[PDB]
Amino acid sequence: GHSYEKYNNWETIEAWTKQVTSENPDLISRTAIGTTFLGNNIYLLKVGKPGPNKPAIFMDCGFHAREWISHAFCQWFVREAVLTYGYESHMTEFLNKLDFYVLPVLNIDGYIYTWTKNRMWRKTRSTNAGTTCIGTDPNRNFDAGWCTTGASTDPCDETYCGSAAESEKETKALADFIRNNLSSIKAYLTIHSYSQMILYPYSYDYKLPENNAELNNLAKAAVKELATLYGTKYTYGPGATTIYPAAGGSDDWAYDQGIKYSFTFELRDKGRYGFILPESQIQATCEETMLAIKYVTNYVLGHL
């Protein structure tokens, strides 16, 4: 069965998306925004108190298959939202005023592969013409300085940028959805691990975002808020200089679409366990991350 303090396989996460929605129809609606290469359903949960023309924040998890704490966080977030609505003042206000679009797992095919065959798989599972090598790096696959830096043009490599921007059904589906809802989406949050960082644009180029000063101030405050809970220390800054250049990222693309608050989170840890973060750290990791996500949400709502 499903547990919020264990890593859950896709079959279980899928059943959870149906169950948590049916149990909370006044706060959650579920849709599918497309299919993966292997025909799995890309679910999206709209979390919020339904109402006319609300603003929104979009958050996805599970871009990269092996980053299991990412998938776990999106699930943790949804329960927090539904359990505390009506009781905790901030979350109640948040869900009254805006919607969270939560995409619990983007790269489902890769995630399944980490359960069935290879725990360290990263990419999608699409085939590539002319080779036996499988998969594209979804975070090199967006139309932002596409494949110009930090990306490989070889399908056998972990950072393969694809045959073209949005070549993958999964990234096409996410981009299609965001382009369809640009008028409402005010922030884009994409959850990864590990390294304990908050990153903002740019990553495909060393140029800085117009609101670089604001974004730095926001990230600084969010990492400060995160640390209050368990003392976990994050670093933060523009992607290119804070970790390394990587073109074709979804956060840079979202930002150049007009979404001025765009962030990549890298959750625990710092390398001791890396991608294989113990299930015993799920609760603490998710709890402290919630504080940063809520701080950002509170700020965004004050800047519509």
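All residue numbers are counted from 1 along the displayed sequence.
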Report the stretch with the higher mean CA temperature factor, choosing between 74-82 and 148-156 on the basis of the entry. 148-156
Stretch with the greater mean C-alpha B-factor as recorded in the entry, comparing 183-191 against 132-140: 183-191
Pick out which of 171, 216, 127, 116 has the highest C-alpha B-factor in the PDB entry. 216
With respect to the C-alpha temperature factors reported in the PDB entry, which of 48, 245, 34, 278 ranks highest? 245
Ranked against its chain, the third holding the CA B-factor of residue 250: middle
Chain thirds of CA B-factor: placement of residue 19: middle
Test of reading the entry: by CA B factor among the chain's modelled residues, which third contains residue 40? lowest
Among the modelled residues of its chain, the C-alpha B-factor of residue 62 falls in the third labelled lowest
If you rank every modelled residue in this chain by C-alpha B factor, which third holds residue 107: lowest, middle or highest? lowest
